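Novice: Sending over a structure as structure tokens; questions will come in a sec.
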Amino acid sequence: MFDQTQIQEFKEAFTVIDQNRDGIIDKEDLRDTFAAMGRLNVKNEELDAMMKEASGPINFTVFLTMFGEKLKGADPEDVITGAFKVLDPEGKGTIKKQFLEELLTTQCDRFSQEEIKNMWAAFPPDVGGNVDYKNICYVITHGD
Amino acid sequence: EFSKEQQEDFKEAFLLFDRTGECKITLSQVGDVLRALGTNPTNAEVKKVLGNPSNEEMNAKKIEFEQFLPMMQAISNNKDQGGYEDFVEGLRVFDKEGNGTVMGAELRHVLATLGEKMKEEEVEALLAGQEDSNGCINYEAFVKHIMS
């Protein structure tokens, strides 16, 4: 399930950081990557902690292996959009809050109360009780 | 008593509705488990001898497969469920002009305002578009579509 689209996407993300001795992401490379990233999240223990998720030396092959968690769901772009579409009869403005809350909580592979709170704190909604499915699909892959 | 074939068919329906892997169906769903077996139980039938809770209410009780087996046999399989002959003469109460035609508003009103009242959502889902100018709805066509 690691797709050519996904690994090429990861390859450019590796290659932009790179430039260090023949194809290895290191501490400095990450530190100066943050300089063009607009945020001072460069703190030394946290930076060097991100190396512990691999056995050593982050080359491109190791970088794909590090992202092994990410693939464990990760159904492709329009499949998640198509899945949500089945639960919308009204055609954008999308899924009514009560129905969605029931769908996750008491139907199929049931959500825990903590999982429901974890989502309601980051779901897009109106003031009546409707939930934007397409905005949730966008949030899963992120572009803002 | 049920046949081995009936027991396995009832089980094939059951193994869809115990969807959380528990080997147990939530009590609310038992009416719709019966509907999935092709019986047509009234909510009055469902709350009495079938032992269902309130409408749309979850969590209150659950049912094992062996418990479900007399709850098919002694319930909708032990009674009249109505035939074509029932529906034709019940509809003929609302046939003003004798032509097999009833207004779509009047037919929706019978479903939503009378008996074990239907949601508008239920009524629209079952409507096969059979409305003319003011030639309205052929009610026999509706009965044959709903009983196929």
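To be explicit about the labels: the chains of the structure tokens are called A, B, and onward in the order shown, and within each one the residues are counted from 1, while ligands get numbers from 1 in the order they are shown.
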With the cut-off set at 9 Å and counting only C-alpha atoms, tabulate each residue of stretch 10-96 of chain A with an atom at most that distance from an atom of stretch 133-141 of chain A, showing the nearest atom pair and its distance in Å to one decimal, ordered by chain and increasing number, as a Markdown table.

Specialist:
| residue | atom | partner | partner_atom | distance |
| --- | --- | --- | --- | --- |
| A:77 | CA | A:137 | CA | 8.0 |
| A:78 | CA | A:137 | CA | 8.8 |
| A:80 | CA | A:137 | CA | 6.7 |
| A:81 | CA | A:137 | CA | 6.3 |
| A:84 | CA | A:133 | CA | 6.3 |
| A:85 | CA | A:133 | CA | 7.9 |
| A:88 | CA | A:133 | CA | 8.7 |
| A:92 | CA | A:133 | CA | 8.2 |
| A:93 | CA | A:133 | CA | 8.3 |
| A:94 | CA | A:133 | CA | 6.1 |
| A:95 | CA | A:133 | CA | 6.7 |

Novice: I need the residues from that last selection saved to file as a PDB file, in the first residue's frame (with N, CA and C atoms), if you can.

Specialist:
ATOM      1  N   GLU A  77      -7.253   9.461  -1.342  1.00  0.00           N
ATOM      2  CA  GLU A  77      -7.996  10.691  -1.598  1.00  0.00           C
ATOM      3  C   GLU A  77      -9.515  10.630  -1.777  1.00  0.00           C
ATOM      4  N   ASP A  78     -10.031  10.255  -2.959  1.00  0.00           N
ATOM      5  CA  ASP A  78     -11.462  10.234  -3.186  1.00  0.00           C
ATOM      6  C   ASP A  78     -12.209   9.074  -2.535  1.00  0.00           C
ATOM      7  N   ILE A  80     -12.017   8.240   0.811  1.00  0.00           N
ATOM      8  CA  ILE A  80     -12.552   8.833   2.037  1.00  0.00           C
ATOM      9  C   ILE A  80     -13.685   9.827   1.765  1.00  0.00           C
ATOM     10  N   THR A  81     -13.565  10.633   0.689  1.00  0.00           N
ATOM     11  CA  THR A  81     -14.623  11.507   0.179  1.00  0.00           C
ATOM     12  C   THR A  81     -15.874  10.746  -0.230  1.00  0.00           C
ATOM     13  N   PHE A  84     -17.673   9.202   3.044  1.00  0.00           N
ATOM     14  CA  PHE A  84     -18.495  10.226   3.667  1.00  0.00           C
ATOM     15  C   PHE A  84     -19.752  10.598   2.876  1.00  0.00           C
ATOM     16  N   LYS A  85     -19.677  10.618   1.529  1.00  0.00           N
ATOM     17  CA  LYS A  85     -20.773  10.923   0.617  1.00  0.00           C
ATOM     18  C   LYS A  85     -22.019  10.067   0.811  1.00  0.00           C
ATOM     19  N   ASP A  88     -24.490  11.536   3.300  1.00  0.00           N
ATOM     20  CA  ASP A  88     -25.033  12.842   2.978  1.00  0.00           C
ATOM     21  C   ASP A  88     -26.176  12.696   1.957  1.00  0.00           C
ATOM     22  N   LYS A  92     -23.920  18.542   0.224  1.00  0.00           N
ATOM     23  CA  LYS A  92     -22.997  19.590   0.637  1.00  0.00           C
ATOM     24  C   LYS A  92     -23.645  20.660   1.519  1.00  0.00           C
ATOM     25  N   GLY A  93     -23.019  20.901   2.696  1.00  0.00           N
ATOM     26  CA  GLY A  93     -23.677  21.311   3.937  1.00  0.00           C
ATOM     27  C   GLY A  93     -23.685  20.090   4.828  1.00  0.00           C
ATOM     28  N   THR A  94     -23.653  18.929   4.148  1.00  0.00           N
ATOM     29  CA  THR A  94     -23.256  17.609   4.595  1.00  0.00           C
ATOM     30  C   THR A  94     -23.867  17.075   5.875  1.00  0.00           C
ATOM     31  N   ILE A  95     -23.084  16.359   6.705  1.00  0.00           N
ATOM     32  CA  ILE A  95     -23.666  15.396   7.616  1.00  0.00           C
ATOM     33  C   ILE A  95     -24.129  16.056   8.899  1.00  0.00           C
TER      34      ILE A  95
END

Novice: Show me, as a ChimeraX atom specification, every residue of chain B with an atom at most 12 Å from chain A, counting only C-alpha atoms.

Specialist: /B:16-22,26,29,56-59,121,125

Novice: So that I have them on file, write out the residues from the current selection with C-alpha atoms, as a PDB file, in the first residue's frame.

Specialist:
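Printed below is out_39.pdb as written:
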ATOM      1  CA  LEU B  16     -24.970  -9.187  10.284  1.00  0.00           C
ATOM      2  CA  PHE B  17     -26.567  -7.447  13.278  1.00  0.00           C
ATOM      3  CA  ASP B  18     -24.145  -8.529  16.066  1.00  0.00           C
ATOM      4  CA  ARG B  19     -21.640  -6.298  14.146  1.00  0.00           C
ATOM      5  CA  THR B  20     -19.470  -5.459  17.242  1.00  0.00           C
ATOM      6  CA  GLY B  21     -18.341  -9.140  17.367  1.00  0.00           C
ATOM      7  CA  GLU B  22     -20.157  -9.896  20.620  1.00  0.00           C
ATOM      8  CA  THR B  26     -28.863  -5.216  20.543  1.00  0.00           C
ATOM      9  CA  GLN B  29     -32.600  -4.174  16.102  1.00  0.00           C
ATOM     10  CA  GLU B  56     -34.853   3.834  18.370  1.00  0.00           C
ATOM     11  CA  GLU B  57     -33.563   3.133  21.963  1.00  0.00           C
ATOM     12  CA  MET B  58     -30.205   1.294  22.309  1.00  0.00           C
ATOM     13  CA  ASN B  59     -28.183  -0.364  25.145  1.00  0.00           C
ATOM     14  CA  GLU B 121     -38.218  10.386   5.118  1.00  0.00           C
ATOM     15  CA  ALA B 125     -37.787   6.631   0.216  1.00  0.00           C
TER      16      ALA B 125
END

Novice: Just list as a PDB file with N, CA, C and O atoms, in the first residue's frame whatever in stretch 25-141 of chain A DSSP marks as alpha helix (DSSP H).

Specialist:
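Below you can see part_12.pdb, which holds the result:
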ATOM      1  N   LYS A  27      20.921  16.171  11.805  1.00  0.00           N
ATOM      2  CA  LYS A  27      20.525  17.165  12.782  1.00  0.00           C
ATOM      3  C   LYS A  27      20.570  18.597  12.265  1.00  0.00           C
ATOM      4  O   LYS A  27      19.624  19.368  12.433  1.00  0.00           O
ATOM      5  N   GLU A  28      21.668  18.973  11.580  1.00  0.00           N
ATOM      6  CA  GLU A  28      21.859  20.290  10.998  1.00  0.00           C
ATOM      7  C   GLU A  28      20.874  20.584   9.884  1.00  0.00           C
ATOM      8  O   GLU A  28      20.252  21.643   9.835  1.00  0.00           O
ATOM      9  N   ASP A  29      20.653  19.597   9.005  1.00  0.00           N
ATOM     10  CA  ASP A  29      19.760  19.611   7.872  1.00  0.00           C
ATOM     11  C   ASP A  29      18.332  19.910   8.310  1.00  0.00           C
ATOM     12  O   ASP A  29      17.651  20.783   7.772  1.00  0.00           O
ATOM     13  N   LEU A  30      17.865  19.234   9.384  1.00  0.00           N
ATOM     14  CA  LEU A  30      16.608  19.550  10.037  1.00  0.00           C
ATOM     15  C   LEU A  30      16.584  20.941  10.666  1.00  0.00           C
ATOM     16  O   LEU A  30      15.620  21.687  10.507  1.00  0.00           O
ATOM     17  N   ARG A  31      17.659  21.349  11.369  1.00  0.00           N
ATOM     18  CA  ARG A  31      17.757  22.652  12.008  1.00  0.00           C
ATOM     19  C   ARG A  31      17.674  23.829  11.033  1.00  0.00           C
ATOM     20  O   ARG A  31      16.914  24.772  11.253  1.00  0.00           O
ATOM     21  N   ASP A  32      18.405  23.786   9.900  1.00  0.00           N
ATOM     22  CA  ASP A  32      18.326  24.821   8.881  1.00  0.00           C
ATOM     23  C   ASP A  32      17.082  24.691   7.997  1.00  0.00           C
ATOM     24  O   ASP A  32      16.589  25.674   7.449  1.00  0.00           O
ATOM     25  N   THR A  33      16.456  23.494   7.912  1.00  0.00           N
ATOM     26  CA  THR A  33      15.125  23.316   7.308  1.00  0.00           C
ATOM     27  C   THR A  33      14.062  24.113   8.043  1.00  0.00           C
ATOM     28  O   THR A  33      13.221  24.771   7.434  1.00  0.00           O
ATOM     29  N   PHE A  34      14.106  24.134   9.391  1.00  0.00           N
ATOM     30  CA  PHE A  34      13.227  24.949  10.215  1.00  0.00           C
ATOM     31  C   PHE A  34      13.352  26.455   9.992  1.00  0.00           C
ATOM     32  O   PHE A  34      12.373  27.186  10.143  1.00  0.00           O
ATOM     33  N   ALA A  35      14.538  26.959   9.588  1.00  0.00           N
ATOM     34  CA  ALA A  35      14.759  28.360   9.268  1.00  0.00           C
ATOM     35  C   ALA A  35      13.872  28.869   8.130  1.00  0.00           C
ATOM     36  O   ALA A  35      13.353  29.983   8.172  1.00  0.00           O
ATOM     37  N   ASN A  44      17.152  21.056  20.850  1.00  0.00           N
ATOM     38  CA  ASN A  44      18.101  19.981  20.595  1.00  0.00           C
ATOM     39  C   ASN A  44      17.661  18.588  21.000  1.00  0.00           C
ATOM     40  O   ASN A  44      17.775  17.666  20.204  1.00  0.00           O
ATOM     41  N   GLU A  45      17.096  18.396  22.206  1.00  0.00           N
ATOM     42  CA  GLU A  45      16.616  17.086  22.611  1.00  0.00           C
ATOM     43  C   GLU A  45      15.492  16.550  21.734  1.00  0.00           C
ATOM     44  O   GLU A  45      15.507  15.396  21.323  1.00  0.00           O
ATOM     45  N   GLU A  46      14.508  17.401  21.386  1.00  0.00           N
ATOM     46  CA  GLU A  46      13.375  17.079  20.538  1.00  0.00           C
ATOM     47  C   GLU A  46      13.810  16.739  19.123  1.00  0.00           C
ATOM     48  O   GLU A  46      13.369  15.756  18.532  1.00  0.00           O
ATOM     49  N   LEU A  47      14.764  17.519  18.583  1.00  0.00           N
ATOM     50  CA  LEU A  47      15.387  17.306  17.291  1.00  0.00           C
ATOM     51  C   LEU A  47      16.109  15.961  17.201  1.00  0.00           C
ATOM     52  O   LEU A  47      15.945  15.201  16.248  1.00  0.00           O
ATOM     53  N   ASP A  48      16.881  15.608  18.247  1.00  0.00           N
ATOM     54  CA  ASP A  48      17.660  14.385  18.296  1.00  0.00           C
ATOM     55  C   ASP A  48      16.802  13.184  18.733  1.00  0.00           C
ATOM     56  O   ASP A  48      17.098  12.024  18.450  1.00  0.00           O
ATOM     57  N   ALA A  49      15.649  13.433  19.394  1.00  0.00           N
ATOM     58  CA  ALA A  49      14.620  12.455  19.707  1.00  0.00           C
ATOM     59  C   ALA A  49      13.969  11.864  18.470  1.00  0.00           C
ATOM     60  O   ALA A  49      13.689  10.671  18.423  1.00  0.00           O
ATOM     61  N   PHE A  60      16.891   7.836   2.410  1.00  0.00           N
ATOM     62  CA  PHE A  60      15.545   7.750   1.864  1.00  0.00           C
ATOM     63  C   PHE A  60      14.820   6.423   2.152  1.00  0.00           C
ATOM     64  O   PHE A  60      13.642   6.410   2.500  1.00  0.00           O
ATOM     65  N   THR A  61      15.514   5.274   2.061  1.00  0.00           N
ATOM     66  CA  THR A  61      14.948   3.963   2.373  1.00  0.00           C
ATOM     67  C   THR A  61      14.509   3.844   3.823  1.00  0.00           C
ATOM     68  O   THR A  61      13.417   3.373   4.130  1.00  0.00           O
ATOM     69  N   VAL A  62      15.345   4.336   4.762  1.00  0.00           N
ATOM     70  CA  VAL A  62      15.022   4.444   6.181  1.00  0.00           C
ATOM     71  C   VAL A  62      13.853   5.385   6.437  1.00  0.00           C
ATOM     72  O   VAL A  62      12.967   5.083   7.234  1.00  0.00           O
ATOM     73  N   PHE A  63      13.788   6.528   5.728  1.00  0.00           N
ATOM     74  CA  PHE A  63      12.717   7.510   5.817  1.00  0.00           C
ATOM     75  C   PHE A  63      11.334   6.937   5.486  1.00  0.00           C
ATOM     76  O   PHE A  63      10.354   7.197   6.181  1.00  0.00           O
ATOM     77  N   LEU A  64      11.228   6.083   4.444  1.00  0.00           N
ATOM     78  CA  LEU A  64      10.010   5.342   4.152  1.00  0.00           C
ATOM     79  C   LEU A  64       9.611   4.376   5.270  1.00  0.00           C
ATOM     80  O   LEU A  64       8.453   4.329   5.681  1.00  0.00           O
ATOM     81  N   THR A  65      10.585   3.629   5.834  1.00  0.00           N
ATOM     82  CA  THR A  65      10.399   2.719   6.973  1.00  0.00           C
ATOM     83  C   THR A  65       9.923   3.428   8.231  1.00  0.00           C
ATOM     84  O   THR A  65       9.029   2.952   8.930  1.00  0.00           O
ATOM     85  N   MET A  66      10.460   4.632   8.529  1.00  0.00           N
ATOM     86  CA  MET A  66      10.008   5.498   9.616  1.00  0.00           C
ATOM     87  C   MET A  66       8.539   5.882   9.509  1.00  0.00           C
ATOM     88  O   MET A  66       7.834   6.028  10.501  1.00  0.00           O
ATOM     89  N   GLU A  77      -7.253   9.461  -1.342  1.00  0.00           N
ATOM     90  CA  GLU A  77      -7.996  10.691  -1.598  1.00  0.00           C
ATOM     91  C   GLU A  77      -9.515  10.630  -1.777  1.00  0.00           C
ATOM     92  O   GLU A  77     -10.274  10.913  -0.851  1.00  0.00           O
ATOM     93  N   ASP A  78     -10.031  10.255  -2.959  1.00  0.00           N
ATOM     94  CA  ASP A  78     -11.462  10.234  -3.186  1.00  0.00           C
ATOM     95  C   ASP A  78     -12.209   9.074  -2.535  1.00  0.00           C
ATOM     96  O   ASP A  78     -13.432   9.118  -2.415  1.00  0.00           O
ATOM     97  N   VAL A  79     -11.534   8.014  -2.040  1.00  0.00           N
ATOM     98  CA  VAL A  79     -12.206   6.947  -1.300  1.00  0.00           C
ATOM     99  C   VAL A  79     -12.775   7.442   0.024  1.00  0.00           C
ATOM    100  O   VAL A  79     -13.934   7.191   0.341  1.00  0.00           O
ATOM    101  N   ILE A  80     -12.017   8.240   0.811  1.00  0.00           N
ATOM    102  CA  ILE A  80     -12.552   8.833   2.037  1.00  0.00           C
ATOM    103  C   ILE A  80     -13.685   9.827   1.765  1.00  0.00           C
ATOM    104  O   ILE A  80     -14.711   9.840   2.444  1.00  0.00           O
ATOM    105  N   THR A  81     -13.565  10.633   0.689  1.00  0.00           N
ATOM    106  CA  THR A  81     -14.623  11.507   0.179  1.00  0.00           C
ATOM    107  C   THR A  81     -15.874  10.746  -0.230  1.00  0.00           C
ATOM    108  O   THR A  81     -16.993  11.132   0.102  1.00  0.00           O
ATOM    109  N   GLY A  82     -15.715   9.603  -0.932  1.00  0.00           N
ATOM    110  CA  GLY A  82     -16.806   8.720  -1.330  1.00  0.00           C
ATOM    111  C   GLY A  82     -17.460   7.999  -0.187  1.00  0.00           C
ATOM    112  O   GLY A  82     -18.675   7.820  -0.181  1.00  0.00           O
ATOM    113  N   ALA A  83     -16.681   7.602   0.832  1.00  0.00           N
ATOM    114  CA  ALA A  83     -17.191   7.007   2.048  1.00  0.00           C
ATOM    115  C   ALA A  83     -18.108   7.948   2.822  1.00  0.00           C
ATOM    116  O   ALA A  83     -19.239   7.610   3.163  1.00  0.00           O
ATOM    117  N   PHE A  84     -17.673   9.202   3.044  1.00  0.00           N
ATOM    118  CA  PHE A  84     -18.495  10.226   3.667  1.00  0.00           C
ATOM    119  C   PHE A  84     -19.752  10.598   2.876  1.00  0.00           C
ATOM    120  O   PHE A  84     -20.808  10.840   3.459  1.00  0.00           O
ATOM    121  N   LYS A  85     -19.677  10.618   1.529  1.00  0.00           N
ATOM    122  CA  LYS A  85     -20.773  10.923   0.617  1.00  0.00           C
ATOM    123  C   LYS A  85     -22.019  10.067   0.811  1.00  0.00           C
ATOM    124  O   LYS A  85     -23.140  10.550   0.689  1.00  0.00           O
ATOM    125  N   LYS A  97     -25.149  16.577  12.693  1.00  0.00           N
ATOM    126  CA  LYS A  97     -24.309  16.262  13.837  1.00  0.00           C
ATOM    127  C   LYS A  97     -24.751  15.044  14.615  1.00  0.00           C
ATOM    128  O   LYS A  97     -23.947  14.165  14.905  1.00  0.00           O
ATOM    129  N   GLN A  98     -26.061  14.946  14.906  1.00  0.00           N
ATOM    130  CA  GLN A  98     -26.656  13.853  15.647  1.00  0.00           C
ATOM    131  C   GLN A  98     -26.426  12.504  14.986  1.00  0.00           C
ATOM    132  O   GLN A  98     -25.940  11.565  15.609  1.00  0.00           O
ATOM    133  N   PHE A  99     -26.669  12.425  13.661  1.00  0.00           N
ATOM    134  CA  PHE A  99     -26.456  11.219  12.885  1.00  0.00           C
ATOM    135  C   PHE A  99     -24.997  10.797  12.882  1.00  0.00           C
ATOM    136  O   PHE A  99     -24.669   9.631  13.075  1.00  0.00           O
ATOM    137  N   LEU A 100     -24.065  11.757  12.693  1.00  0.00           N
ATOM    138  CA  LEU A 100     -22.638  11.488  12.708  1.00  0.00           C
ATOM    139  C   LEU A 100     -22.135  11.012  14.071  1.00  0.00           C
ATOM    140  O   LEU A 100     -21.344  10.072  14.170  1.00  0.00           O
ATOM    141  N   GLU A 101     -22.635  11.626  15.161  1.00  0.00           N
ATOM    142  CA  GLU A 101     -22.355  11.245  16.534  1.00  0.00           C
ATOM    143  C   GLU A 101     -22.821   9.825  16.846  1.00  0.00           C
ATOM    144  O   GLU A 101     -22.065   9.014  17.381  1.00  0.00           O
ATOM    145  N   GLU A 102     -24.041   9.442  16.422  1.00  0.00           N
ATOM    146  CA  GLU A 102     -24.547   8.078  16.478  1.00  0.00           C
ATOM    147  C   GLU A 102     -23.746   7.077  15.642  1.00  0.00           C
ATOM    148  O   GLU A 102     -23.402   5.993  16.113  1.00  0.00           O
ATOM    149  N   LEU A 103     -23.380   7.447  14.392  1.00  0.00           N
ATOM    150  CA  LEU A 103     -22.588   6.657  13.449  1.00  0.00           C
ATOM    151  C   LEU A 103     -21.253   6.231  14.028  1.00  0.00           C
ATOM    152  O   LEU A 103     -20.857   5.071  13.951  1.00  0.00           O
ATOM    153  N   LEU A 104     -20.525   7.171  14.655  1.00  0.00           N
ATOM    154  CA  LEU A 104     -19.272   6.853  15.302  1.00  0.00           C
ATOM    155  C   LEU A 104     -19.455   6.147  16.643  1.00  0.00           C
ATOM    156  O   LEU A 104     -18.753   5.189  16.950  1.00  0.00           O
ATOM    157  N   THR A 105     -20.399   6.608  17.488  1.00  0.00           N
ATOM    158  CA  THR A 105     -20.533   6.143  18.876  1.00  0.00           C
ATOM    159  C   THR A 105     -21.175   4.783  19.073  1.00  0.00           C
ATOM    160  O   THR A 105     -20.715   3.982  19.892  1.00  0.00           O
ATOM    161  N   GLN A 113     -15.639   7.583  24.259  1.00  0.00           N
ATOM    162  CA  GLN A 113     -15.976   8.952  24.619  1.00  0.00           C
ATOM    163  C   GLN A 113     -14.798   9.921  24.485  1.00  0.00           C
ATOM    164  O   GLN A 113     -14.955  11.064  24.052  1.00  0.00           O
ATOM    165  N   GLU A 114     -13.563   9.467  24.791  1.00  0.00           N
ATOM    166  CA  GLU A 114     -12.355  10.234  24.550  1.00  0.00           C
ATOM    167  C   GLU A 114     -12.108  10.530  23.070  1.00  0.00           C
ATOM    168  O   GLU A 114     -11.750  11.645  22.693  1.00  0.00           O
ATOM    169  N   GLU A 115     -12.331   9.545  22.173  1.00  0.00           N
ATOM    170  CA  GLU A 115     -12.212   9.690  20.726  1.00  0.00           C
ATOM    171  C   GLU A 115     -13.185  10.719  20.163  1.00  0.00           C
ATOM    172  O   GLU A 115     -12.828  11.552  19.331  1.00  0.00           O
ATOM    173  N   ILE A 116     -14.436  10.722  20.666  1.00  0.00           N
ATOM    174  CA  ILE A 116     -15.459  11.708  20.332  1.00  0.00           C
ATOM    175  C   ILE A 116     -15.045  13.134  20.718  1.00  0.00           C
ATOM    176  O   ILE A 116     -15.101  14.060  19.909  1.00  0.00           O
ATOM    177  N   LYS A 117     -14.516  13.343  21.946  1.00  0.00           N
ATOM    178  CA  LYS A 117     -13.943  14.617  22.379  1.00  0.00           C
ATOM    179  C   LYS A 117     -12.732  15.053  21.554  1.00  0.00           C
ATOM    180  O   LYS A 117     -12.605  16.225  21.190  1.00  0.00           O
ATOM    181  N   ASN A 118     -11.827  14.106  21.217  1.00  0.00           N
ATOM    182  CA  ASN A 118     -10.663  14.320  20.368  1.00  0.00           C
ATOM    183  C   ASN A 118     -11.019  14.832  18.979  1.00  0.00           C
ATOM    184  O   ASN A 118     -10.255  15.598  18.385  1.00  0.00           O
ATOM    185  N   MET A 119     -12.158  14.385  18.419  1.00  0.00           N
ATOM    186  CA  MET A 119     -12.685  14.891  17.171  1.00  0.00           C
ATOM    187  C   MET A 119     -13.503  16.158  17.267  1.00  0.00           C
ATOM    188  O   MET A 119     -13.276  17.073  16.482  1.00  0.00           O
ATOM    189  N   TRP A 120     -14.432  16.313  18.239  1.00  0.00           N
ATOM    190  CA  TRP A 120     -15.237  17.533  18.341  1.00  0.00           C
ATOM    191  C   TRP A 120     -14.426  18.804  18.569  1.00  0.00           C
ATOM    192  O   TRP A 120     -14.851  19.895  18.205  1.00  0.00           O
ATOM    193  N   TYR A 133     -18.174  17.358   5.796  1.00  0.00           N
ATOM    194  CA  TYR A 133     -17.357  16.192   5.476  1.00  0.00           C
ATOM    195  C   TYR A 133     -16.142  16.490   4.603  1.00  0.00           C
ATOM    196  O   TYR A 133     -15.050  15.990   4.847  1.00  0.00           O
ATOM    197  N   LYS A 134     -16.290  17.332   3.556  1.00  0.00           N
ATOM    198  CA  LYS A 134     -15.191  17.652   2.652  1.00  0.00           C
ATOM    199  C   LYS A 134     -14.071  18.415   3.329  1.00  0.00           C
ATOM    200  O   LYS A 134     -12.898  18.158   3.085  1.00  0.00           O
ATOM    201  N   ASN A 135     -14.408  19.333   4.253  1.00  0.00           N
ATOM    202  CA  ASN A 135     -13.425  20.006   5.079  1.00  0.00           C
ATOM    203  C   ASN A 135     -12.689  19.028   6.010  1.00  0.00           C
ATOM    204  O   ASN A 135     -11.480  19.126   6.180  1.00  0.00           O
ATOM    205  N   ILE A 136     -13.374  18.006   6.585  1.00  0.00           N
ATOM    206  CA  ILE A 136     -12.714  16.898   7.286  1.00  0.00           C
ATOM    207  C   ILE A 136     -11.780  16.093   6.379  1.00  0.00           C
ATOM    208  O   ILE A 136     -10.650  15.800   6.761  1.00  0.00           O
ATOM    209  N   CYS A 137     -12.184  15.765   5.128  1.00  0.00           N
ATOM    210  CA  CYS A 137     -11.314  15.102   4.154  1.00  0.00           C
ATOM    211  C   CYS A 137     -10.055  15.901   3.860  1.00  0.00           C
ATOM    212  O   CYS A 137      -8.955  15.357   3.806  1.00  0.00           O
ATOM    213  N   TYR A 138     -10.186  17.233   3.704  1.00  0.00           N
ATOM    214  CA  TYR A 138      -9.055  18.129   3.543  1.00  0.00           C
ATOM    215  C   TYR A 138      -8.141  18.135   4.762  1.00  0.00           C
ATOM    216  O   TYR A 138      -6.934  18.012   4.619  1.00  0.00           O
ATOM    217  N   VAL A 139      -8.689  18.177   5.996  1.00  0.00           N
ATOM    218  CA  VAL A 139      -7.932  18.116   7.245  1.00  0.00           C
ATOM    219  C   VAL A 139      -7.105  16.835   7.412  1.00  0.00           C
ATOM    220  O   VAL A 139      -5.992  16.877   7.932  1.00  0.00           O
ATOM    221  N   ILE A 140      -7.603  15.666   6.947  1.00  0.00           N
ATOM    222  CA  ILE A 140      -6.874  14.393   6.990  1.00  0.00           C
ATOM    223  C   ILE A 140      -5.535  14.434   6.248  1.00  0.00           C
ATOM    224  O   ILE A 140      -4.523  13.949   6.756  1.00  0.00           O
ATOM    225  N   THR A 141      -5.485  15.036   5.040  1.00  0.00           N
ATOM    226  CA  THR A 141      -4.240  15.129   4.266  1.00  0.00           C
ATOM    227  C   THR A 141      -3.548  16.468   4.456  1.00  0.00           C
ATOM    228  O   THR A 141      -2.338  16.565   4.305  1.00  0.00           O
TER     229      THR A 141
END

Novice: Just checking: using only C-alpha atoms, which residue out of B:111, B:62, B:69, B:24 ends up closest to residue B:37?

Specialist: B:69

Novice: Which residue gives the smallest distance to residue A:90 among A:10, A:74, A:2, A:132, with only C-alpha atoms counted?

Specialist: A:132

Novice: Excluding residue B:81 and any residue of its chain fewer than 2 positions from it, enumerate the residues within 10 Å of it, using only C-alpha atoms, and give them as a PyMOL selection string.

Specialist: chain B and resi 39-42+76-79+83+86

Novice: Just the selected residues (N, CA, C and O atoms), exported as a PDB file, in the first residue's frame, please.

Specialist:
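Produced file result-v3.pdb, reproduced below:
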ATOM      1  N   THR B  39     -40.369 -11.186   7.206  1.00  0.00           N
ATOM      2  CA  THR B  39     -41.619 -10.993   7.938  1.00  0.00           C
ATOM      3  C   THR B  39     -41.847  -9.509   8.113  1.00  0.00           C
ATOM      4  O   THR B  39     -40.911  -8.717   8.070  1.00  0.00           O
ATOM      5  N   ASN B  40     -43.103  -9.065   8.295  1.00  0.00           N
ATOM      6  CA  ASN B  40     -43.420  -7.647   8.301  1.00  0.00           C
ATOM      7  C   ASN B  40     -44.030  -7.239   9.631  1.00  0.00           C
ATOM      8  O   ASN B  40     -45.238  -6.996   9.688  1.00  0.00           O
ATOM      9  N   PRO B  41     -43.286  -7.145  10.731  1.00  0.00           N
ATOM     10  CA  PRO B  41     -43.904  -7.003  12.034  1.00  0.00           C
ATOM     11  C   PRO B  41     -44.252  -5.554  12.327  1.00  0.00           C
ATOM     12  O   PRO B  41     -43.440  -4.643  12.116  1.00  0.00           O
ATOM     13  N   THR B  42     -45.475  -5.333  12.844  1.00  0.00           N
ATOM     14  CA  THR B  42     -45.934  -4.074  13.418  1.00  0.00           C
ATOM     15  C   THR B  42     -45.161  -3.731  14.674  1.00  0.00           C
ATOM     16  O   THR B  42     -44.656  -4.599  15.380  1.00  0.00           O
ATOM     17  N   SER B  76     -44.106 -13.442  14.558  1.00  0.00           N
ATOM     18  CA  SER B  76     -44.669 -13.100  13.260  1.00  0.00           C
ATOM     19  C   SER B  76     -44.968 -14.335  12.431  1.00  0.00           C
ATOM     20  O   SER B  76     -45.766 -14.319  11.500  1.00  0.00           O
ATOM     21  N   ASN B  77     -44.377 -15.477  12.825  1.00  0.00           N
ATOM     22  CA  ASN B  77     -44.550 -16.775  12.206  1.00  0.00           C
ATOM     23  C   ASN B  77     -45.692 -17.546  12.885  1.00  0.00           C
ATOM     24  O   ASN B  77     -46.017 -18.672  12.521  1.00  0.00           O
ATOM     25  N   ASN B  78     -46.359 -16.921  13.875  1.00  0.00           N
ATOM     26  CA  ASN B  78     -47.487 -17.489  14.592  1.00  0.00           C
ATOM     27  C   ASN B  78     -48.734 -16.622  14.384  1.00  0.00           C
ATOM     28  O   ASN B  78     -49.728 -16.750  15.096  1.00  0.00           O
ATOM     29  N   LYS B  79     -48.729 -15.700  13.399  1.00  0.00           N
ATOM     30  CA  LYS B  79     -49.844 -14.798  13.185  1.00  0.00           C
ATOM     31  C   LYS B  79     -50.086 -14.504  11.722  1.00  0.00           C
ATOM     32  O   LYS B  79     -49.239 -14.691  10.855  1.00  0.00           O
ATOM     33  N   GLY B  83     -52.599  -9.659   3.646  1.00  0.00           N
ATOM     34  CA  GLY B  83     -52.367  -9.965   2.243  1.00  0.00           C
ATOM     35  C   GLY B  83     -52.725  -8.820   1.336  1.00  0.00           C
ATOM     36  O   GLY B  83     -53.016  -7.706   1.749  1.00  0.00           O
ATOM     37  N   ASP B  86     -56.558  -7.461   2.009  1.00  0.00           N
ATOM     38  CA  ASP B  86     -56.565  -6.444   3.048  1.00  0.00           C
ATOM     39  C   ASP B  86     -56.341  -5.024   2.524  1.00  0.00           C
ATOM     40  O   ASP B  86     -57.145  -4.109   2.693  1.00  0.00           O
TER      41      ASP B  86
END
